[PDB]
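Comments concern the structure below.
In this analysis, Cβ positions are derived from the backbone assuming ideal geometry, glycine residues included, and neighbour counts consider all displayed protein chains. Each value in this text was obtained by applying a stated rule to the coordinates, not by laboratory testing.
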Amino acid sequence: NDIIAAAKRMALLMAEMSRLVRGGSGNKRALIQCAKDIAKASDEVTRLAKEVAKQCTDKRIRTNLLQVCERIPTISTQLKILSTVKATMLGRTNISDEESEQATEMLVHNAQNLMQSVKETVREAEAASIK
Amino acid sequence: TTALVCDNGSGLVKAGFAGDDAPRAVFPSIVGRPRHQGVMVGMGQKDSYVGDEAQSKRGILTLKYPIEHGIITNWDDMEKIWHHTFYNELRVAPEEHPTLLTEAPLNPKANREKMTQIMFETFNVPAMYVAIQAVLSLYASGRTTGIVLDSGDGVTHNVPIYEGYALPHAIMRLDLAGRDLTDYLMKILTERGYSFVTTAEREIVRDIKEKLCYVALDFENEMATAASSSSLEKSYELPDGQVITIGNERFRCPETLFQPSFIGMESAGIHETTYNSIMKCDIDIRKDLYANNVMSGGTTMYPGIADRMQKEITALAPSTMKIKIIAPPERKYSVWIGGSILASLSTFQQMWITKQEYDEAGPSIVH
Amino acid sequence: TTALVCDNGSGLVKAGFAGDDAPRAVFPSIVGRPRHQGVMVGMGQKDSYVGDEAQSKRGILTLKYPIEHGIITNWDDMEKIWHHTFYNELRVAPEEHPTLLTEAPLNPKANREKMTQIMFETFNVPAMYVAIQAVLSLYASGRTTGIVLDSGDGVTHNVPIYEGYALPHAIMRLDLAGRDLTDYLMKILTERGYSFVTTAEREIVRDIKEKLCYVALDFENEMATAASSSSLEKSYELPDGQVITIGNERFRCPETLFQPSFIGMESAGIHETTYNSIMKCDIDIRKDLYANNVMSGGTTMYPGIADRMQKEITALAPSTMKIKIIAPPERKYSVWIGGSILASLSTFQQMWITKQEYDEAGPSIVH
Ligand SMILES: Nc1ncnc2c1ncn2[C@@H]1O[C@H](COP(=O)(O)OP(=O)(O)O)[C@@H](O)[C@H]1O
Ligand SMILES: Nc1ncnc2c1ncn2[C@@H]1O[C@H](COP(=O)(O)OP(=O)(O)O)[C@@H](O)[C@H]1O
Ligand SMILES: [Mg+2]
Ligand SMILES: [Mg+2]
């Protein structure tokens, strides 16, 4: 059951990301990669949800499932872009440390929201397998 | 396998498997279509948010309580309640559990039929029983005689039951409490300059109705002591930070229960419905309804109730008579705790309707 | 074949293919016809210099920024902008790339129709979508709740959006900032005795507006420490070698953003439109707007912003209610970084306009 597997994987990636963001400038490349690895996993969640949706039979559940999975691409796209901007923003000394910290925080907030979107998707996926 | 005890709560729908502890899910229900235009790419958003998410997300929606004075106006949303609950809350298929549904003591025809028929064909529950709500708190209260007062937003009821035969000549449905108490409270919240008037904006009020209202010893002197400067005022903090200091209206709102003269509405206080229901029951039996008066429904959780009610009844009641009011803790789950007992009663599983026999006999059997 | 994210920047028009860093072309827009007689015979010189050569060739021309009050003054210059960029900057066929155009939050009718209609008929763009500038910054700020401040020379705007339903009854267009700040700055640059009157001479001012100006913490006290002799003056070097030493006006000019009574324009400080816009939004939502306040547009690069803004708002704001206003570094390309995210979303490519539906349905229901 890859949805449960993906949800656990997403949690492990987020636990690691929380750890990487507590660390230094040495976690720069890793942070860019972390965002990439999260983006690959979201593309898998989205893909699985579309495949499951095709085999699903109740229109309401199918619609509710389609409603939640369609926001995942947009958040994953935003993560790749905002990470590319932040990545290129590190290594510059003119910009303020508080503004830099806020970029890390914003990225964390967006990751938390992505995780919440997946959390809601998991919840709906679990319920759909009953019918 | 296991039965699920499912209460169509007036508020405050309650769900939890058959006993012995508590409803796994209790929720104010609510369905809300989104009032404002969406600019989210996707859009990817629920057509209507049900509770809980519509009570985290208020306002950007238009909240509709689907059961209006106990009448399920459209079952389309009711079915969505059922489905949402069963699948994404309790996480179960209705075919698996024989179910137990509750209804009110008095509701028109065909409210229970249309429900039963749709629920059998839509959710294909294998067996069912549909109980009037007052009776389940009797099984919950474990009393063998007495008048049951079932009070939730927006319909109250007053049912007399004796060992173990019902008193039809004394069954009262009052449509009064509580959503109108909510509306009245909102009307006296305009008096403190806070106009949270829209339907959605009403929910916060319901929360101040939960938490902040109090009940006095006696009106006239609480009205007096309100004229005293002494601070009855309690400070609510609002979801935009605002601090609201309410007091007179704090004891004023529940007093409606004793006197509907505040709404005006032409029905008498619990005081009189008690007396007049007792005085629609046989003399001999009047002895034992007195001291087996049972209040219920989540709304009744105001501390000066019942001894305000007691003192009021004692004033109208005949001398030396033993009057005692039975008040459970946590009356909101009284009903649910009722239901758990019922469905557990063997052999009365074979007094539960079964889908095949329903296939054979249709709605005729229902009554 | 790839899409082009092309922003009608009010500055500082920005253009760059989809992602992943920045616009490949940024330019301050300007077209300028040559004010003086050309004597070197022929002379093989263009009717108007576009940027950048018109910012080399300041003054021998008369510079005209075409978007006037953000509105396309004439499309003769706008189309020439479009062509100049597409061919002579980016080097791309409008026929080839599905394009993405941006527009503002609030503008009159039919300037976006007329734009779109002309752009389809002139450049024969195959597919297109036209976005309001505030929204792209939401994806560019990875947010989905909050008030957006979009500020470029010379129109600011104030947009509230909530997860992700927009609040139309709280969308405000201020024509205040920044080109009028440029004009006011020029008027207080007369106080240090240097003339910058002409259209061209205004650009140098804009450059001192970029580089030299700063924002304080509190006006009265910055005015106090300005009376202190100590070096506040910063020395600009001017294209005829001149050294301009500015200080009082150095913090004075941006402070106008919190006080437009300095220009005198009746319009209120962003401070107050913020509070009043928050206080034009539903109570419950006020909770998550507090701390999702996003400022934007290249003008917003002044260090006393946002904690000046914060400190001012906090004086009017509800007690102990958390607010945070901080927005990304490099806000000028914030928008552009928005656009990249949008246009990549399939299937919402099929929420773009296609030439066949432009042929069949014309410029109906564009809005
Ligand atoms: N502490 C409280 N004080 C007053 N009202 C309360 C309190 N707690 C819950 N309520 C009310 O209880 C009502 C629910 O009653 P309920 O027990 O659900 O009645 P029923 O089962 O008949 O539908 C709600 O509408 C809610 O406002
Ligand atoms: N360091 C700076 N300080 C102040 N203003 C700046 C600075 N850098 C650029 N600007 C201003 O940014 C403006 C452009 O904002 P822009 O991001 O193009 O707004 P928009 O996209 O809404 O049109 C220009 O008019 C320019 O004067
Ligand atoms: Mg009830
Ligand atoms: Mg702008």
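Some values worked out for this structure:
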read-out	value
Shielding by partners, peptide B:84-90 (average Cβ within 10 angstrom, other chains)	4
Likely footprinting exposure, B:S261, B:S151, fewest C-beta neighbours within 10 Å first	B:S261, B:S151
Förster-model FRET efficiency, 41 Å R0, C:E360 and C:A315, C-beta, rounded to 0.05	0.15
Cα-centre dipole for segment B:178-263 with unit charges at Cβ (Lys and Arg positive, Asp and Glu negative), debye to 20	80
Rounded, prolate or oblate (a/c below 1.5 giving rounded, otherwise prolate when a/b exceeds b/c) for segment B:216-367 by Cα gyration tensor	oblate
Per-residue average of Cβ from other chains inside 10 Å of C:307-318	1
Residues B:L316, C:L136 arranged by fewest to most Cβ contacts within 10 Å	B:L316, C:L136
Total formal charge among the other residues, if their Cβ is under 11 angstrom from that of C:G164, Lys/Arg +1 and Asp/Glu -1	+1
Relative packing of peptides B:156-164, C:141-149, A:24-32 - highest average C-beta neighbours within 10 Å first	C:141-149, B:156-164, A:24-32
Assigned charges on the beta-carbon of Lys, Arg, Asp, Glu; chain B dipole about Cα centre (debye)	360
Average beta-carbon neighbours from other chains, 10 Å sphere, peptide B:235-242	6
Pairwise FRET efficiency - B:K211 versus C:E201, Cβ, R0 = 60 Å, nearest 0.05	0.35
Three-way shape call for segment A:2-128 based on the alpha-carbon gyration tensor, with the a/c threshold at 1.5	prolate
Shape of segment B:178-263, Cα gyration tensor, a/c cut at 1.5	oblate
Charge-dipole axis of the protein assembly as shown as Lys and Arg at +1 and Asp and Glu at -1 on Cβ define it, positive-most pick from B:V135, B:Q310, C:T225	C:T225
Per-copy distances of the B:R35 label point, shortest first, in nm (7 angstrom along Cα→Cβ)	5.6
Nearest residue to the symmetry axis between C and B, taken on chain C by its Cβ, in whole Å	C:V197, 2
Residues B:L63, C:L101 arranged by fewest to most Cβ contacts within 10 Å	C:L101, B:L63
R0 of 30 Å, Cβ-Cβ distance B:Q117-A:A53: FRET efficiency to nearest 0.05	0.45
Dipole in debye (nearest 20) - the protein assembly as shown, about Cα centre, beta carbon charges: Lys, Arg +1; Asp, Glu -1	980
Distances in nm from B:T198 to the matching label points in the other copies, shortest first (labels 7 Å along Cα to Cβ)	5.6
Pairs from B:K80/B:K355; A:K59/C:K324; B:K234/B:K280; A:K80/A:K131; B:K14/B:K114 whose Cα-Cα separation, in the structure shown, is over 31 Å	A:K59/C:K324; B:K234/B:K280; A:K80/A:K131
Taking chain B and dividing mean pair separation by its residue count, relative contact order in percent (alpha carbons under 8 Å, at least six apart)	19
Distances in nm from B:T225 to the matching label points in the other copies, shortest first (labels 7 Å along Cα to Cβ)	5.7
CD proxy at 222 nm, helix term only [per DSSP H run n ≥ 4: -39500 (n - 2.57); per residue of chain C; nearest 500]	-9000 deg cm²/dmol
